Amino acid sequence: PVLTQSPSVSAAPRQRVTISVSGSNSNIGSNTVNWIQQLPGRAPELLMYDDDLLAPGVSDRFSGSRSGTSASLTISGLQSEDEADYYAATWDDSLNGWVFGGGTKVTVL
């Protein structure tokens, strides 16, 4: 994957968790970031787009940011239902196409 995400975070209910992605000048440094959520055994779904907008029907417990070549996703009031693989996506102006992270697995205890 062109983008670098940390592979896994462990957390407990009711906490905040922030996960991040590192990119470079021609992807995150130039283009807005999307977040994709894949719940265990479900198809992936759009979670967030344009850095900080919620995809339709997504919980307001999700928030996102982009600064320089990095982007972040924060989950507030963590719930068992939030255990999932979260993937970052953006356009890359050097490859002229979509690039992705390898995913961050969030486990909830």
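Sequential numbering from 1, following the sequence displayed. Take the two forms, find the largest set of C-alpha atoms that superpose within 1.5 Å, and that set is the rigid core.
Taking 5-13 and 86-94 in turn, the stretch whose Cα atoms are more displaced from the shown form in 4 other deposited structures of this protein following rigid core superposition is 5-13. Fitting each structure in 4 other deposited structures of this protein onto the rigid core and averaging C-alpha distances over structures and residues, 39-47 emerges as the more displaced of 39-47 and 25-33. For the pair 98-106 and 3-11, the record assigns the higher mean C-alpha temperature factor to 3-11. Looking at 67-75 and 37-45 together, the entry lists the larger mean B-factor for 37-45, computed on C-alpha atoms.
The deposited CA B-factor of residue 51 belongs to the lowest third of values across its chain. Remark: residue 26 belongs to the middle third of its chain, ranked by C-alpha B-factor as recorded.
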